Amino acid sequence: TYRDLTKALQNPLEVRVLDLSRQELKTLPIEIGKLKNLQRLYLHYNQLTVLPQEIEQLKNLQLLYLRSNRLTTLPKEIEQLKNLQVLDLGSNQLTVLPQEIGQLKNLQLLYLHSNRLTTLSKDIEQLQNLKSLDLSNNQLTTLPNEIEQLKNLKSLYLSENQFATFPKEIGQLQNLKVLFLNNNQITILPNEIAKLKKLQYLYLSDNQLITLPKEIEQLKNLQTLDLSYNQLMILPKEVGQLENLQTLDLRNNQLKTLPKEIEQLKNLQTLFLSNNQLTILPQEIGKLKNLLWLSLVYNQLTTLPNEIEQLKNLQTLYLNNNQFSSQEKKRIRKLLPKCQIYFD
């Protein structure tokens, strides 16, 4: 592992890792090609506007980390980095990916969090070894039909983009376990989500969601569902069929009630329900045997069913800013003597 270039260049065939981060580099010197055995190249937190063609000489390069630079595109020579497995272009100014991105056949991770991408390159389909794709904080409104060919992709990040519609192409990504779609403008969650049988974590925080599809019930491997900061008025009964669900974040919505089918969520440990319009909770709330945390701060609750006493594992319960009388607060305290309860 080398941190100084001048020193790396005096003994070129010995360098394996090169870290030129925070060195105020405007350009990557062309003499960089002399490092024939280079495996990982770290050029983060510099002011690089382009990469020179001499990167073609770096045949053994497995990792290229260019986090926080001023890159606008990648050179055609990137196609010669046949052994490249990780390419990090985070916090740059990329408007487009060159067609040569499709030539990096051994790529596993492509990190593009925070750029200026308006479309995703159609040559993404050639990246058959790609397992993680981060396209967060860009200006995407759609996904190319060619992304449907990435059957082995496991993680996809699409938070902070311009998605007014959920891209149906996601439905073909059969091996996805993680999907981030936070901070978008999605109003409808279509049934294409139900095709993701291996999906474990789904993040849809800060969208404009009104309805969840009934096909959500097919998501049997789903452990985290984040629907916070949406427009949900009704939770379909099918949400109760998410057998593996451990965390459900429904804070900051417009829910009036919870379906009685919530009783089927035997693995649920954490439920966030603050800032809703809840006037009543079903007596079936008491069947949530594994529930540890429950927050209902800022709702319209005047009472709780006696069946809350069945929540034997409940450790924390936030009840602030509701419509409980001093008599109700006293009654609720008696129902849950092993639970930490907050009223004010």
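All residue numbers refer to positions in the sequence shown, first residue = 1.
Once the C-alpha B-factors are averaged per stretch, 306 to 314 and 33 to 41 rank with 33 to 41 first. Set 74 to 82 against 221 to 229 and average the Cα temperature factors; 74 to 82 ends up higher. In this structure the maximum Cα B-factor among 249, 238, 100, 263 is found at 100. Listed residues 290, 53, 47, 279 were ranked by CA B-factor as deposited; 47 comes out on top. The entry lists a Cα temperature factor for residue 256 that places it in the middle third of the chain's modelled residues. Looking at the C-alpha B-factors along this chain, the one for residue 323 belongs to the middle third. When all modelled residues of the chain are sorted by CA temperature factor, residue 28 is found within the highest third. Residue 200: CA B factor lies in the lowest third for its chain, per the PDB record. The entry lists a Cα temperature factor for residue 212 that places it in the highest third of the chain's modelled residues.
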